Structures are given as structure tokens and as C-alpha cells.
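S.K.: Pasting an experimental structure, sequence included:
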Amino acid sequence: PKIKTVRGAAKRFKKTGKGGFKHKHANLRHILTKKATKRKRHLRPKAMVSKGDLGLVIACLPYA
Amino acid sequence: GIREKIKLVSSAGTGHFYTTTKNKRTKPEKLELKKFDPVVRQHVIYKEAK
Amino acid sequence: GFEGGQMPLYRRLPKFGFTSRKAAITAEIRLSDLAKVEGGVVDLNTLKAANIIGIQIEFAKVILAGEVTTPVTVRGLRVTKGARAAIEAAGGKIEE
Amino acid sequence: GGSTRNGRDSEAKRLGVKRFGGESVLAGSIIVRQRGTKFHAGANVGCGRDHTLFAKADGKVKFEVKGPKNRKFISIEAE
RNA sequence: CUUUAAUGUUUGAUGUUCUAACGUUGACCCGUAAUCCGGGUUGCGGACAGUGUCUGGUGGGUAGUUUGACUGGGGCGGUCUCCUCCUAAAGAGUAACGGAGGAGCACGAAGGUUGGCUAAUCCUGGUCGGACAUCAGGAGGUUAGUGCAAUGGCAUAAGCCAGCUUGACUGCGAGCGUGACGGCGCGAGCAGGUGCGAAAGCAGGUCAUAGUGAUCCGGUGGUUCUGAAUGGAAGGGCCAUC
RNA sequence: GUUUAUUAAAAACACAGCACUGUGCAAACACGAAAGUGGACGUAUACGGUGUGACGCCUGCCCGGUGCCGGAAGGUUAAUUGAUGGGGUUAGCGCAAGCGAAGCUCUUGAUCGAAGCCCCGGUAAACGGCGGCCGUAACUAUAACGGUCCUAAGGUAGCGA
RNA sequence: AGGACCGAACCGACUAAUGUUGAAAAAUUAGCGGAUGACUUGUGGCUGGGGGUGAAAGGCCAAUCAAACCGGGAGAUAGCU
RNA sequence: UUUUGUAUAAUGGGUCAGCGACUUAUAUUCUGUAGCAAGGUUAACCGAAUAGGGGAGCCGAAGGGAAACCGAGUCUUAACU
């Protein structure tokens, strides 16, 4: 034991060329008829984490 | 499933389709709707609905 | 892994898990560096003798970082747009 | 014949008065269920499905102190 | 080929007949004047016993575990998500078992558009006619009608008549908006092809606000992505979706 | 007879009497991984167990529900057998789509499947249940009796502050 | 012929008082039950912790028991003192 | 000492002298402080003992994308916008 990478975070985040972390959207593959196509198109580009969760993700991925 | 969902397909020989949900417990009826095809670049009647 | 309730964000997102797997086994060489090959010759069938970027390597690539000043000669490999143009600016040759 | 329940928050905010404004759209007051009780009288065209006192134009508000009936129009001040 | 009279060889089951497996839950003899064991000798049973099993079911005698919350202690009654008014203090912000009433849908049409129409209801008279529901006349009505609570809009009709119709579009969006964030609202302007209208202009769903639930799990489809010695495939990803 | 040592000797437990139920000789039933023991040097005039309580007069009706028991056909179904279809590969007829076989191979699982359970009956000295209204006798009061309603069926005997 | 009636030794420990940081780590005083028997007592053995013993009370099993005693696990654990 | 609140009749406390609780290591951020710098720095083992050898090791220096792949550029795309 020597401090571990949380693999449930590693398979969910990639690191950007500015320190921030980039991820996918939820509620998008099991129900698809319940969003209008404007909302559908705006959920085809991905998202980045905000400071309210970055301050924990950066500790669950210390070697990232 | 058993409630079903519609997968209405292009009549222009294209693989293009649209999806929608429609209750059958009120009445059972097939949808005949006109929609855009981005591959032949026109709006046409779509087929193979529920 | 706890914020009092409502789960951490790392347990409320989709997994994808797909990666290169080639990146950790690629020797990425810079023009600002290359002192392990001394401005001589580079070929992947003899790169193990120089051990640049490691010994468990399967791929080699040169990138545009810095400036090269001596006529280094490349045999195969991968060279980028600006890296080829910087090697030719030093009198160096790329044989394909 | 019942007890409790009273709704969540109504989600409205009034501020499109006096000389309030915007820099691409004059979004005005967030209002409910009234499509044109104030309504636009100049280039401040809008007030759509969300009933909000929103205009498809930029500037600060003006009040004319007359209306179509009854009521009182809303407009925008000089650029 | 088939019906019908038969039939070899194995393998289950069932019945019968043996004795070489096994017992003896019979005895004597010997080891050995040892009530055990083993051998031997002679009888008696018998392919069953007697012993040991795993599969699956039954399985609570045994074991571990689980146990919603709110709140003048608590169950019962009300309630937890989502919606409208008053509470809400003539800013933003805002509560309980405060005072009240609703929703977990329905419509390809009840959607888009151009023109036309505009109510409801009471009262007097009116025909089989049945106060009244055929009908007209007088008054009266943005409190009729709409899908549904409530509130308020609605003729620049979103209400109902006629015709034409699918923009309930594929790809993007300056800039602004609700919230702690997740979830999310409005929108100048463009691309690809159109619909209504004489035309300006109108259309990126319904009158606006309620109409099931993340990660996770499996499945269906397209793929000059990947598939760890060279490949395919299975698995994974991208892009679609139940 | 037995009993809570220093809170409590009984109205509790039990035999006798009676029902219920397991047991046929290598008994059932029981222990112990087992060898070895008990039941038993017992054989049903014997053995292991549940309730009620000698003795006398007695032992109500209801099997619809849960449990138990007898019956037997058929259903459902796990094991196992391996039909049908699909996936990876692929022969072969059609322009191509459409399809699509034997082998290797991934997957499915038609079908065979005791008894219970379902069914029918039995069992209340098993677990339990033992209901409405209307009229009926000339004060008043209450029904020895019909009618209709519920159902599995609606307290016989004896006792009663 | 006594699981006879009464009653000493012998056994019990029901009733009242005393003692209650006692003389006694429940003893004394006077009654009371049983007393040839489902009675009692000396000696050596056998039954042990979810195991004994119990004609059964959460009664009894070494001044310890709704699971006794002793060596280790052990510094069990705790939106907690 | 509890408790918002105690001269409190709320908690304890005899005598006197002793014993008796927050210790330091690694990792890292801010704060403080020096050296070096587009370069700075090895473990074990050897060993003139921490030097000198040992670069397996450790930081910085490029980004776009799920990835193929590209790169001071790049994903999405019919795309100019």
C-alpha cells in the first residue's frame, strides 16, 4: 500500500492541457426520446469539472 | 419491450430514421408522418411505424 | 470518497475506460534533447542500443520541440510536419 | 378535505422597471402566464412562450404611461 | 417404404431362479482353557443387504442478516417527487402536522399557417317537444371556451369554422437566465432543404405552469477506432438506440 | 411423590383412566465421523412418544380456510438427456439484397422428470369457527312458530356473580 | 401384609422472634414437616459449558452464571462516553 | 468539573510527599527561507564511507482527440459561417 488511484474515477475522467478534467454526460443511453433535439445536440460535446468537485477529483487521481 | 417505441424509416432507400413514443392503450393506429432526409436533402413520408 | 451525502461526482458519471495503450510504449524524441543519439543515426531496428525513452519500447516518434543544429539522419520512424522541416534545416536526411 | 402541500418556489423574479437593461437582449422581468399585459411598443420585440418580459434587442427600458386600452406599454430609451 | 407376425445384442425397470461379490446380524476349530479380532472348517442368507456417496428438490430442528422517515415519545390518520393561490413581513430571500386545491398525461392530432367567426347564460315568445334541449328576439359577457387544479392570459385570439400543411426539421449559435451543483430556460444571426400567405411576415410542437427514477446491468444496429507475437472473432470505444 | 439453598411446597409436573400416533426382529427410535453401545438378554400380555386427567354420567354442530391423512389420472418443475433457433467460421442457388448446411466452435434448452402443490374425499378427543332482519300471544313484557337474508356451520349436555 | 397413624435418634429448614459493619461470611431460641422408605449416610468412582444436573425454578454446577472459571486473540468495535 | 448559566444544598475532593496526556516520521499544500536553474536529482550494492562509483530510479520541458492519428497545432463537419 502506497496511496491508490481510484479506478472508478480513472475510467470516468481524462486530463486536459490546462490541469482541468473532462467527462461524459448521464441519462443519455437508456432514455433518448424524452429530450428535444436542441437539448440532444447540446449534449454531444462533453463537459469539464467545476471547482466544487475538482478539489476532490484531483485527490482521487493524485498521479494524473 | 411491450409498450413499444416507434422507429420510423426513410422511404427514399436511406438508412435514416426518427424515434418517438406513443400510447396504444387509448387506440392502436400506425403513424404516417412527413420528415427530413439529410442524405437526399428533402422532406418525405416515413414508413415502418407502429 | 464522501461529501456528507448525495454521492461524490466520481460515482455519478458514465465510465468509458478506453485509452491508447501505445503511448506508454512510444519513444517521443525532442530536438532540445537527443543527446542519447548524439546527432548521428536513428533506426527503430537498432534503437535498443541507445535506450532513449526506455528499453520496453515498440514505437519511435520525433516532435517539433527546440532546434536541431547538426545533420542527424533518420531511417523510417515517425516525424511531424515541423520536425522534418527542422531536420532538413540542419542538413539532416529522412530515408523512407 | 386535505392537509399540507403548497408548491415549491414559483421560480419568478421582477426587475424590468425604471431604467433596467441588457447588452444583447433586454431580458426584463421573469413573469408568468401573461403574454402581453405590458407588451412591446417599439424595436423591443419579443415576449415569447416563457411569458418573461424579454426583448430581441439591446438597451435600457422606457415607460410611456399610456396603453392600448387600459394597460401601459413598455419601450426602450435612446442609443 | 410400410403395416403386421417375429427377433439377435446390450442397457434400464420389474418379477423369478442361482451362487462366484458381500454379510452371517449361525456354530465349531486354531492362533490361545482370549466373552474381541483374524484365519480355518462346516452350515445359512444373498447381487438385496451392509457401508460410503454426489446432483437437484423438499429443507427454518441449525446460522448469519435485515430493521424507512417526519413528529408536544410512537403506531393508526396526514406526508416525502412534481404544480397553482394566500401565508410572504408594499426589495432580494422565505417555513412546519399553516389555510386550501391539483399531477406522474393526453394529442401526429387537439401541431404549423392564411382567411373567416366569436362567444356563454338568463329572460320573453316558440312546434309534435317533454319548463327548458327545434328557433328567433331582448338583455348580457376578455368569470364563455380550452384538458386538467389554481391563477391568470387568450379577438395581435392560444376559443371553433374552412382550406393548405408538418419548422413536433438535420447541423450550429452571438449573448443572457434558474440553482450549491446535478438537471435546465430564453435567444440576434447562420448552414441544409422546405411549409402557409397576395405580401410584409409567420413555423426549430400543444394556453403557460404537474404527466417514473442517476451511476450501474443486459440487448439491437453502422464503424479505413481498438482488439496487447501476425490476424479474424468475442470484449471495449466512437456514433445511433431499447 | 416432586419443587424455586437466604422473596414463593402449590390450584404446577406425573402415574392411574381414555384417545391420538411411530414400531414386526438385524423392530422403530437414539448416540458416536467410526470401531462400539442403548432399545433388549425385550417380540406386541412388548417398545418410543403427544394431549387429557382416577370414579360416575358423558364426549354437541361446522372439514369452507391453515395443518395432517387416504386416493389416483393429468398439470407444473429442478437433475439429466439434447430437438428448435441464433452467434464466430463457411459450402451452395440467386446481379446483389434474399438467404443458408455438415464439421470445429460460442449460445439457447424442445423433451424426459417420483412425491408435494392443484383435485376429490377423510380428519374438530387437530389449528380453529359456533351469524342479520321481518311478522307471531288483545294490558305490559317476552317469543314455543313461519318468511326472507349469510354460510363451512351458527352451541346439544352440564354449570352460572 | 404397612410408600400405616403418632413420635425419639436420623433428615429437612416451613412458622415467629433475635442477630443484620453479627458470637455466626444464616447462627441462636421455641415451635413445625418427614422419620422402614418415591428415607438417610460413609467410601471410591462416572456425568463438564450451549455441556452437565433438574419429577422444571432462569432452580443448581466451588464466597463467580439469562451462560461459570483460566492462558491467548485483544489495544474487538463505537454518526460514542 | 457539568451546564448557556452554580458560593450553590448539582459532580466530586481525608493527610503529606511522590508518579502522571499530545511524543516524530514519511507524503503534500499554504506560510516562512536558502541554494541551483532550461535544467536540477539516484536506490540497493560497492566504497579511498557517505564523498567517489552506481542512471535501474525522480521531477520540469506541448497540445487536440474515445482512439486511430495528427502536432504548435487539433477534435467535431456538408460547412464557407
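M.R.: Sure thing, it's come through. Numbers count the residues shown, from 1 in each chain, chains lettered A, B, ... in the order given.

S.K.: Ramachandran angles for residue B:44?
M.R.: Note on residue B:44: its backbone torsions stand at phi -140, psi 160 [degrees, to the nearest 10].

S.K.: Skipping its backbone neighbours, what lies nearest it in space?
M.R.: residue B:11 (5.3 Å; Cβ to Cβ, 6 or more residues apart in numbering or on different chains). Bear in mind the C-beta positions are built from the backbone N, C-alpha and C, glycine included.

S.K.: nearest residue to residue A:25 other than its sequence neighbours?
M.R.: That would be residue A:43: by Cβ to Cβ, 6+ apart, it lies 5.2 Å from residue A:25.

S.K.: pretty sure the one you found is touching residue A:27, no?
M.R.: No: look at residue A:43 against residue A:27 with Cβ atoms under 8 Å: they stay out of range, at 9.1 Å.

S.K.: Give me the more crowded residue out of these two.
M.R.: Using other Cβ atoms under 10 Å in any protein chain shown as the criterion, residue A:43 and residue A:27 rank with residue A:43 on top: 15 against 11.

S.K.: How about the contacts made by the more buried one?
M.R.: For residue A:43, the contacting residues are A:25, A:28, A:35, by Cβ atoms under 8 Å, 6 or more residues apart in numbering or on different chains.

S.K.: what about the longest helix in chain A?
M.R.: Ranked by residue count and defined by DSSP state H, the top helix of chain A is helix A:51-60.

S.K.: ok, it near RNA strand E or not?
M.R.: Yes: using Cβ under 7 Å from any atom of the strand, helix A:51-60 reaches RNA strand E at A:52, A:53.

S.K.: Tell me, how many residues neighbour residue B:28?
M.R.: Count around residue B:28 with other Cβ under 10 Å applied: 9.

S.K.: just residue A:39 next, same as before
M.R.: 9.

S.K.: hmm, back to that, save the contacts of residue A:43 as TSV, and put in secondary structure and neighbour count too.
M.R.: As requested, the contacts of residue A:43 are arranged in TSV below (DSSP: H, G, I helix; E, B strand; the rest coil; neighbours: other Cβ atoms under 10 Å in any protein chain shown):
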residue	secondary structure	neighbour count
A:25	coil	14
A:28	coil	13
A:35	coil	14
